Amino acid sequence: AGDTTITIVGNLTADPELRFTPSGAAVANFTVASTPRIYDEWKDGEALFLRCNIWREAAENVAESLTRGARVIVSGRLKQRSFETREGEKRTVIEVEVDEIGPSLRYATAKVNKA
Amino acid sequence: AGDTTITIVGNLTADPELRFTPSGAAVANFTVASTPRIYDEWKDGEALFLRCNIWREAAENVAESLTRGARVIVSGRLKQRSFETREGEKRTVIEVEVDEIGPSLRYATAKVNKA
Amino acid sequence: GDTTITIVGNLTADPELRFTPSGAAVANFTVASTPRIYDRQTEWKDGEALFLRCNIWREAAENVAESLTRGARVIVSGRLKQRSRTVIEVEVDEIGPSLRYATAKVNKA
Amino acid sequence: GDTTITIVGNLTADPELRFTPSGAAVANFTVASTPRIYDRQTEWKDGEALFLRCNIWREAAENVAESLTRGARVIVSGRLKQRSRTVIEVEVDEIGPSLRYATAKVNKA
């Protein structure tokens, strides 16, 4: 189905965690901190931390290509979930299923190596 | 600062709530339910409910132009917040500060009236 | 895999409605998006102005034809496509009148 | 107020680096985005292929020049702008190599 996609630019809060599923598929998890502009001065504002995940090869590349602090351009779709019941109440979580990710060449360089 | 914007299409979970601030400014709140495609059949999947808010005039127009069920195209920026402390723990909320919103002409018509 | 974009702007003129030889409806129109420029506390101004032509099909274009006219403010979500010289247009997925400076009485099908 | 878009694709060829008469660096390149087509359980295929030319300035274009070459897969975030006949290009805000089929050793400034 897909729908509702977003593009976010920010830095990894920590190194990408690459763990393997029993089926052989790799999963790369990382949260992206997107910290805004400035003015007059210059003031960092708001900030948005989004939990991301990517699989297969893309996941492995990511794991051995990015580290904590890396500024990246992320594209993917937004996924939400909700909780409940009469003894406590309503909780909401959200994540991004990354379609593509790359380190930003805004404040850095990098020598790419296709396979 | 801005940054991280999104565009979502969906239906209002309920009529837009228009309340007035003591300062005279109007606030329009509404949550958008974005329910996905299908196939083979046809299966509604995932679903994403996003709390939106718009002010000033745009807010008032919205309030007297849209109702529960209305299919709309929303554009704006994503805003997140986080909670905490040693007796309970971590909670996260998110909202969209609408820049522009309009009813969709995908499954309907509407006669617009500029002011 | 398509490249999607969202654009806000006004209709260069009344939407053009036609019918392919098969019967399918087709509406062509162009949106003029005018930018932001500032100085903040020293007067803002509008930008270069971007003109993107849009196409919409089936029962949706029939809705555009019926609701939108010249100079209407609209928000468009679609996919960039380039023709065959060779221009870049937008195949509309969703479109509706912006409620920024206007109200509207919607009517479901 | 600008119209922003995100595009994935490969570099039509090595990036073109030049310097305005003032000294500012400028990199021009074009991204070829190739779509998705399917049948699901009956073989998928790629689409029409969109070609958008991109420009990037200052110390960022100097980074593009140094990291990207012909055929590299990249993800671009920018703003649509139309020139003066009259074409539509993308003024890049951020760009980096897609890690879909490749790794990379980044190096902060």
# chains A, B, ... in the order shown; residues from 1 in each chain; ligands from 1
$ residues_around --residues "residue C:105" --least-positions-apart "5" --cutoff "6 Å" --atoms "only C-alpha atoms" --output "number ranges by chain"
B: 65, 110-111
$ write_last_selection --atoms "N, CA and C atoms" --output "tab-separated table (two decimals), in the first residue's frame"
chain	number	residue	atom	x	y	z
B	65	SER	N	-15.80	24.54	6.37
B	65	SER	CA	-15.70	24.01	5.03
B	65	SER	C	-15.55	22.49	5.00
B	110	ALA	N	-16.79	20.51	-5.33
B	110	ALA	CA	-16.98	21.54	-4.32
B	110	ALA	C	-16.89	22.89	-5.00
B	111	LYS	N	-17.81	23.80	-4.67
B	111	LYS	CA	-17.73	25.11	-5.28
B	111	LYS	C	-17.02	26.05	-4.34
$ residues_around --residues "residue C:14" --least-positions-apart "2" --cutoff "10 Å" --atoms "only C-alpha atoms" --output "ChimeraX atom specification"
/C:11-12,16-17,28-30,64-65,67-72
$ write_last_selection --atoms "C-alpha atoms" --output "compact mmCIF listing (two decimals), in the first residue's frame"
# COMPACT_ATOMS: atom_id res chain seq x y z
CA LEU C 11 -4.57 28.01 -11.81
CA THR C 12 -3.11 29.86 -14.80
CA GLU C 16 -8.99 22.30 -20.03
CA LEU C 17 -11.31 19.28 -20.25
CA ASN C 28 -4.92 19.84 -18.43
CA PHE C 29 -3.99 22.89 -16.42
CA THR C 30 -0.95 24.68 -15.11
CA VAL C 64 -11.48 19.37 -11.46
CA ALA C 65 -13.41 20.60 -14.48
CA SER C 67 -14.88 22.71 -9.24
CA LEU C 68 -11.81 24.67 -10.34
CA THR C 69 -11.57 27.81 -12.44
CA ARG C 70 -8.97 30.43 -13.33
CA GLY C 71 -6.93 31.83 -10.46
CA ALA C 72 -8.08 29.28 -7.91
$ atom_distance --atom1 "atom CA of residue C:49" --atom2 "atom CA of residue D:81"
8.3 Å
$ residues_around --residues "residue D:85" --least-positions-apart "4" --cutoff "12 Å" --atoms "only C-alpha atoms" --output "CSV table (one decimal) with N, CA, C and O atoms, in the first residue's frame"
chain,number,residue,atom,x,y,z
C,85,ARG,N,12.3,20.8,-27.5
C,85,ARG,CA,11.6,19.4,-27.3
C,85,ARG,C,11.8,18.9,-25.9
C,85,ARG,O,12.8,19.3,-25.2
C,86,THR,N,10.9,18.0,-25.4
C,86,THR,CA,11.0,17.4,-24.1
C,86,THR,C,10.7,18.4,-23.0
C,86,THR,O,11.6,19.2,-22.7
C,87,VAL,N,9.6,18.2,-22.3
C,87,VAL,CA,9.2,19.1,-21.2
C,87,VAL,C,8.9,18.2,-20.0
C,87,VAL,O,8.8,17.0,-20.1
$ closest_atom_pairs --of "chain B" --to "chain A" --cutoff "9 Å" --atoms "only C-alpha atoms" --output "Markdown table"
| residue | atom | partner | partner_atom | distance |
| --- | --- | --- | --- | --- |
| B:1 | CA | A:37 | CA | 4.8 |
| B:2 | CA | A:36 | CA | 6.7 |
| B:3 | CA | A:36 | CA | 6.3 |
| B:4 | CA | A:8 | CA | 5.6 |
| B:5 | CA | A:6 | CA | 7.3 |
| B:6 | CA | A:6 | CA | 5.9 |
| B:7 | CA | A:4 | CA | 6.9 |
| B:8 | CA | A:4 | CA | 5.6 |
| B:9 | CA | A:4 | CA | 7.7 |
| B:34 | CA | A:4 | CA | 7.8 |
| B:35 | CA | A:3 | CA | 8.5 |
| B:36 | CA | A:1 | CA | 5.4 |
| B:37 | CA | A:1 | CA | 4.8 |
| B:38 | CA | A:1 | CA | 6.4 |
| B:39 | CA | A:1 | CA | 8.6 |
| B:43 | CA | A:1 | CA | 9.0 |
| B:44 | CA | A:1 | CA | 8.2 |
| B:45 | CA | A:1 | CA | 6.7 |
| B:46 | CA | A:79 | CA | 7.6 |
| B:47 | CA | A:80 | CA | 7.5 |
| B:48 | CA | A:80 | CA | 5.8 |
| B:49 | CA | A:80 | CA | 7.8 |
| B:78 | CA | A:48 | CA | 8.1 |
| B:79 | CA | A:48 | CA | 7.0 |
| B:80 | CA | A:48 | CA | 5.8 |
| B:81 | CA | A:48 | CA | 8.0 |
| B:91 | CA | A:91 | CA | 8.0 |
| B:92 | CA | A:93 | CA | 7.1 |
| B:93 | CA | A:92 | CA | 7.1 |
| B:94 | CA | A:94 | CA | 8.7 |
$ closest_residue --among "C:61, C:32, C:90, C:109" --to "chain B" --atoms "only C-alpha atoms"
C:109
$ atom_distance --atom1 "atom CA of residue C:42" --atom2 "atom CA of residue B:24"
25.6 Å
$ interface_residues --of "chain B" --to "chain C" --cutoff "8 Å" --atoms "only C-alpha atoms" --output "list in words"
residues 7, 57, 58, 61, 62, 64, 65, 66, 72, 73, 100, 101, 102, 103, 104, 105, 106, 107, 108, 109, 110, 111, 112, 113, 114 and 115 of chain B
$ write_last_selection --atoms "N, CA and C atoms" --output "short mmCIF file (atom, residue, chain, number, x, y, z; two decimals), in the first residue's frame"
data_model
loop_
_atom_site.label_atom_id
_atom_site.label_comp_id
_atom_site.auth_asym_id
_atom_site.auth_seq_id
_atom_site.Cartn_x
_atom_site.Cartn_y
_atom_site.Cartn_z
N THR B 7 3.30 15.48 3.43
CA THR B 7 2.04 15.70 2.75
C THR B 7 1.28 14.44 3.00
N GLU B 57 -7.07 32.68 9.85
CA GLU B 57 -8.21 32.51 8.95
C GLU B 57 -8.31 31.09 8.42
N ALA B 58 -7.20 30.57 7.91
CA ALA B 58 -7.17 29.21 7.38
C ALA B 58 -7.91 28.28 8.33
N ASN B 61 -11.74 28.93 8.01
CA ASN B 61 -12.25 28.41 6.74
C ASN B 61 -12.46 26.92 6.92
N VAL B 62 -11.38 26.23 7.27
CA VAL B 62 -11.41 24.80 7.52
C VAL B 62 -12.62 24.38 8.34
N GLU B 64 -15.47 25.74 8.76
CA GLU B 64 -16.78 25.87 8.14
C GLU B 64 -16.79 25.36 6.71
N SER B 65 -15.80 24.54 6.37
CA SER B 65 -15.70 24.01 5.03
C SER B 65 -15.55 22.49 5.00
N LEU B 66 -15.04 21.91 6.09
CA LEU B 66 -14.85 20.47 6.14
C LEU B 66 -15.63 19.81 7.29
N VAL B 72 -9.04 14.90 2.49
CA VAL B 72 -8.25 16.11 2.29
C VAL B 72 -6.77 15.90 1.99
N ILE B 73 -6.17 16.90 1.36
CA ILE B 73 -4.75 16.90 1.03
C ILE B 73 -4.10 17.89 2.00
N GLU B 100 -0.92 24.21 4.51
CA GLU B 100 -2.06 24.30 3.60
C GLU B 100 -2.88 23.02 3.58
N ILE B 101 -4.19 23.19 3.45
CA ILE B 101 -5.09 22.07 3.44
C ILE B 101 -6.25 22.33 2.50
N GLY B 102 -6.70 21.28 1.83
CA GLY B 102 -7.81 21.41 0.90
C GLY B 102 -8.56 20.11 0.75
N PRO B 103 -9.87 20.16 0.47
CA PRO B 103 -10.65 18.93 0.30
C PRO B 103 -10.23 18.34 -1.04
N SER B 104 -10.16 17.02 -1.12
CA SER B 104 -9.73 16.39 -2.36
C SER B 104 -10.84 16.26 -3.37
N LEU B 105 -10.50 16.54 -4.63
CA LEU B 105 -11.47 16.44 -5.71
C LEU B 105 -11.33 15.08 -6.39
N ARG B 106 -10.83 14.11 -5.64
CA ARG B 106 -10.67 12.76 -6.16
C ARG B 106 -12.00 12.01 -6.23
N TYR B 107 -12.80 12.11 -5.18
CA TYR B 107 -14.11 11.44 -5.12
C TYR B 107 -15.21 12.43 -4.79
N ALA B 108 -15.04 13.67 -5.23
CA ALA B 108 -16.03 14.71 -4.94
C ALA B 108 -15.81 16.00 -5.71
N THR B 109 -16.77 16.91 -5.56
CA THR B 109 -16.71 18.23 -6.17
C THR B 109 -16.93 19.22 -5.03
N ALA B 110 -16.79 20.51 -5.33
CA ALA B 110 -16.98 21.54 -4.32
C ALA B 110 -16.89 22.89 -5.00
N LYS B 111 -17.81 23.80 -4.67
CA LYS B 111 -17.73 25.11 -5.28
C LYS B 111 -17.02 26.05 -4.34
N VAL B 112 -15.82 26.44 -4.75
CA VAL B 112 -14.97 27.33 -3.98
C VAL B 112 -15.50 28.75 -4.01
N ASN B 113 -15.26 29.49 -2.93
CA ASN B 113 -15.69 30.86 -2.86
C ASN B 113 -14.60 31.73 -2.22
N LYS B 114 -13.81 32.40 -3.05
CA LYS B 114 -12.76 33.27 -2.54
C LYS B 114 -13.42 34.41 -1.78
N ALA B 115 -12.65 35.09 -0.93
CA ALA B 115 -13.16 36.21 -0.15
C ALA B 115 -12.55 37.53 -0.64
#
$ closest_atom_pairs --of "chain C" --to "chain D" --cutoff "9 Å" --atoms "only C-alpha atoms" --output "tab-separated table"
residue	atom	partner	partner_atom	distance
C:1	CA	D:35	CA	4.6
C:2	CA	D:35	CA	5.1
C:3	CA	D:7	CA	6.0
C:4	CA	D:5	CA	7.3
C:5	CA	D:5	CA	5.7
C:6	CA	D:3	CA	7.2
C:7	CA	D:3	CA	6.0
C:8	CA	D:3	CA	7.9
C:33	CA	D:3	CA	7.8
C:34	CA	D:1	CA	7.3
C:35	CA	D:1	CA	4.6
C:36	CA	D:1	CA	4.9
C:37	CA	D:1	CA	8.4
C:46	CA	D:1	CA	8.8
C:47	CA	D:2	CA	8.4
C:48	CA	D:81	CA	7.9
C:49	CA	D:82	CA	8.3
C:50	CA	D:82	CA	6.3
C:51	CA	D:82	CA	7.9
C:52	CA	D:88	CA	8.9
C:80	CA	D:50	CA	7.7
C:81	CA	D:50	CA	6.5
C:82	CA	D:50	CA	6.3
C:87	CA	D:87	CA	7.5
C:88	CA	D:88	CA	7.3
$ atom_distance --atom1 "atom CA of residue B:51" --atom2 "atom CA of residue B:19"
15.7 Å
$ calpha_fit_and_write --fixed "chain C" --moving "chain D" --output "compact mmCIF listing (two decimals) with C-alpha atoms, in the first residue's frame"
# COMPACT_ATOMS: atom_id res chain seq x y z
CA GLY D 1 9.65 4.37 -7.72
CA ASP D 2 8.15 7.47 -9.31
CA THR D 3 9.30 10.91 -8.18
CA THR D 4 6.46 12.56 -6.27
CA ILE D 5 5.96 16.23 -5.49
CA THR D 6 3.51 18.50 -3.75
CA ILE D 7 2.86 21.97 -5.17
CA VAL D 8 0.78 24.94 -4.03
CA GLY D 9 -0.27 27.71 -6.40
CA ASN D 10 -3.02 29.17 -8.55
CA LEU D 11 -4.57 28.01 -11.81
CA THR D 12 -3.11 29.86 -14.80
CA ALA D 13 -6.65 29.70 -16.19
CA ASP D 14 -9.80 27.57 -16.31
CA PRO D 15 -8.95 23.83 -16.53
CA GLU D 16 -8.99 22.30 -20.03
CA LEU D 17 -11.31 19.28 -20.25
CA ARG D 18 -11.22 16.86 -23.20
CA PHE D 19 -11.87 13.20 -24.04
CA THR D 20 -9.45 10.72 -25.54
CA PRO D 21 -10.82 8.78 -28.52
CA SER D 22 -11.63 5.92 -26.11
CA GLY D 23 -13.89 8.05 -23.93
CA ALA D 24 -11.61 8.69 -20.95
CA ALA D 25 -11.68 12.23 -19.60
CA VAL D 26 -8.54 14.34 -19.40
CA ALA D 27 -7.98 17.72 -17.74
CA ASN D 28 -4.92 19.84 -18.43
CA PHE D 29 -3.99 22.89 -16.42
CA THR D 30 -0.95 24.68 -15.11
CA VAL D 31 -0.16 25.76 -11.57
CA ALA D 32 1.87 28.90 -10.94
CA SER D 33 3.69 28.57 -7.63
CA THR D 34 5.02 31.88 -6.25
CA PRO D 35 7.83 31.68 -3.55
CA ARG D 36 8.81 33.37 -0.29
CA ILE D 37 11.53 35.99 0.15
CA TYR D 38 12.26 38.00 3.27
CA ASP D 39 14.29 40.35 5.41
CA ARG D 40 12.24 39.64 8.55
CA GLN D 41 11.36 42.92 10.26
CA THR D 42 12.38 44.63 6.84
CA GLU D 43 9.59 43.39 4.42
CA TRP D 44 9.11 40.15 2.58
CA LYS D 45 8.71 39.60 -1.17
CA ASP D 46 7.65 36.82 -3.56
CA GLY D 47 10.05 34.78 -5.71
CA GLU D 48 10.92 33.62 -9.23
CA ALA D 49 7.52 31.94 -9.80
CA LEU D 50 7.41 28.35 -11.03
CA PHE D 51 4.95 27.16 -13.69
CA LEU D 52 4.22 23.43 -13.86
CA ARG D 53 1.59 22.01 -16.21
CA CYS D 54 -0.61 19.27 -14.79
CA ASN D 55 -2.71 16.45 -16.26
CA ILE D 56 -5.45 14.52 -14.47
CA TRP D 57 -7.63 11.65 -15.75
CA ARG D 58 -10.90 9.75 -15.37
CA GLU D 59 -13.57 10.88 -12.92
CA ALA D 60 -11.10 13.11 -11.09
CA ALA D 61 -10.46 15.45 -14.01
CA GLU D 62 -14.25 15.60 -14.36
CA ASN D 63 -14.23 16.83 -10.80
CA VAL D 64 -11.48 19.37 -11.46
CA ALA D 65 -13.41 20.60 -14.48
CA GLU D 66 -16.49 21.07 -12.28
CA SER D 67 -14.88 22.71 -9.24
CA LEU D 68 -11.81 24.67 -10.34
CA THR D 69 -11.57 27.81 -12.44
CA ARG D 70 -8.97 30.43 -13.33
CA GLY D 71 -6.93 31.83 -10.46
CA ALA D 72 -8.08 29.28 -7.91
CA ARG D 73 -5.49 28.42 -5.27
CA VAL D 74 -4.78 24.71 -5.21
CA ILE D 75 -2.53 22.16 -3.51
CA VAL D 76 -1.36 19.35 -5.80
CA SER D 77 0.25 15.99 -5.08
CA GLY D 78 1.57 14.07 -8.05
CA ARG D 79 4.46 12.55 -9.98
CA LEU D 80 6.95 14.23 -12.30
CA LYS D 81 6.91 12.98 -15.88
CA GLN D 82 8.78 14.27 -18.93
CA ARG D 83 7.31 14.27 -22.43
CA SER D 84 8.82 13.96 -25.91
CA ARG D 85 11.58 19.44 -27.28
CA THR D 86 10.95 17.38 -24.12
CA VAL D 87 9.23 19.09 -21.17
CA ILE D 88 8.54 18.07 -17.56
CA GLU D 89 4.95 17.86 -16.35
CA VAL D 90 3.03 16.57 -13.34
CA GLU D 91 0.65 13.63 -13.46
CA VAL D 92 -1.75 14.48 -10.62
CA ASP D 93 -2.63 11.93 -7.95
CA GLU D 94 -4.67 14.25 -5.73
CA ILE D 95 -5.71 17.90 -5.90
CA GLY D 96 -8.08 20.21 -4.08
CA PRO D 97 -8.73 23.92 -3.48
CA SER D 98 -6.53 25.51 -0.81
CA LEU D 99 -8.59 26.77 2.11
CA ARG D 100 -5.97 29.41 2.90
CA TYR D 101 -8.00 32.36 1.67
CA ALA D 102 -11.25 30.59 0.90
CA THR D 103 -14.02 28.31 2.09
CA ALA D 104 -15.76 25.50 0.15
CA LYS D 105 -18.83 23.27 0.22
CA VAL D 106 -17.56 19.81 -0.64
CA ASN D 107 -19.92 17.21 -2.10
CA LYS D 108 -19.00 13.49 -2.04
CA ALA D 109 -19.71 11.26 -5.02
$ select_by_dssp --residues "chain B" --states "strand (DSSP E)" --output "ChimeraX atom specification"
/B:5-12,17-20,26-34,48-55,71-82,92-103,108-114
$ select_by_dssp --residues "chain C" --states "helix (DSSP H, G or I)" --output "list in words"
residues 58, 59, 60, 61, 62, 63, 64, 65, 66 and 67 of chain C
$ write_last_selection --atoms "N, CA, C and O atoms" --output "mmCIF file, in the first residue's frame"
data_model
loop_
_atom_site.group_PDB
_atom_site.id
_atom_site.type_symbol
_atom_site.label_atom_id
_atom_site.label_comp_id
_atom_site.auth_asym_id
_atom_site.auth_seq_id
_atom_site.Cartn_x
_atom_site.Cartn_y
_atom_site.Cartn_z
ATOM 1 N N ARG C 58 -9.648 10.356 -15.823
ATOM 2 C CA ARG C 58 -10.895 9.750 -15.373
ATOM 3 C C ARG C 58 -11.846 10.699 -14.648
ATOM 4 O O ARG C 58 -11.904 11.893 -14.934
ATOM 5 N N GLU C 59 -12.587 10.141 -13.698
ATOM 6 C CA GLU C 59 -13.575 10.879 -12.925
ATOM 7 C C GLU C 59 -13.031 11.963 -12.005
ATOM 8 O O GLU C 59 -13.804 12.673 -11.366
ATOM 9 N N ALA C 60 -11.709 12.093 -11.931
ATOM 10 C CA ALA C 60 -11.100 13.114 -11.088
ATOM 11 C C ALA C 60 -10.994 14.404 -11.890
ATOM 12 O O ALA C 60 -11.291 15.489 -11.385
ATOM 13 N N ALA C 61 -10.572 14.285 -13.145
ATOM 14 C CA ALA C 61 -10.461 15.448 -14.014
ATOM 15 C C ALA C 61 -11.859 16.026 -14.214
ATOM 16 O O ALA C 61 -12.023 17.234 -14.380
ATOM 17 N N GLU C 62 -12.865 15.156 -14.203
ATOM 18 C CA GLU C 62 -14.246 15.596 -14.357
ATOM 19 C C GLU C 62 -14.618 16.383 -13.120
ATOM 20 O O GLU C 62 -15.497 17.239 -13.154
ATOM 21 N N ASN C 63 -13.946 16.096 -12.012
ATOM 22 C CA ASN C 63 -14.230 16.834 -10.795
ATOM 23 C C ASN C 63 -13.492 18.169 -10.844
ATOM 24 O O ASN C 63 -14.020 19.202 -10.429
ATOM 25 N N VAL C 64 -12.263 18.145 -11.347
ATOM 26 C CA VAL C 64 -11.480 19.367 -11.461
ATOM 27 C C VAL C 64 -12.286 20.317 -12.342
ATOM 28 O O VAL C 64 -12.602 21.442 -11.955
ATOM 29 N N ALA C 65 -12.633 19.831 -13.527
ATOM 30 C CA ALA C 65 -13.406 20.599 -14.483
ATOM 31 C C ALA C 65 -14.602 21.290 -13.841
ATOM 32 O O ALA C 65 -14.882 22.448 -14.134
ATOM 33 N N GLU C 66 -15.287 20.577 -12.951
ATOM 34 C CA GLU C 66 -16.489 21.072 -12.282
ATOM 35 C C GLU C 66 -16.286 21.987 -11.080
ATOM 36 O O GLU C 66 -17.170 22.771 -10.740
ATOM 37 N N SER C 67 -15.129 21.903 -10.437
ATOM 38 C CA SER C 67 -14.883 22.708 -9.242
ATOM 39 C C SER C 67 -13.899 23.863 -9.403
ATOM 40 O O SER C 67 -14.101 24.931 -8.838
#
$ residues_around --residues "residue B:15" --least-positions-apart "3" --cutoff "9 Å" --atoms "only C-alpha atoms" --output "MDAnalysis selection string"
chainID B and resid 12 29:30 63 66:70
$ write_last_selection --atoms "C-alpha atoms" --output "PDB file, in the first residue's frame"
ATOM      1  CA  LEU B  12     -10.984  13.746   9.101  1.00  0.00           C
ATOM      2  CA  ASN B  29      -7.717  21.091  15.412  1.00  0.00           C
ATOM      3  CA  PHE B  30      -8.488  17.849  13.600  1.00  0.00           C
ATOM      4  CA  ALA B  63     -13.920  24.764  10.364  1.00  0.00           C
ATOM      5  CA  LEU B  66     -14.854  20.465   6.144  1.00  0.00           C
ATOM      6  CA  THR B  67     -16.692  17.782   8.129  1.00  0.00           C
ATOM      7  CA  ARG B  68     -16.126  14.280   9.480  1.00  0.00           C
ATOM      8  CA  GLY B  69     -15.194  11.959   6.636  1.00  0.00           C
ATOM      9  CA  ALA B  70     -13.889  14.643   4.312  1.00  0.00           C
TER      10      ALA B  70
END
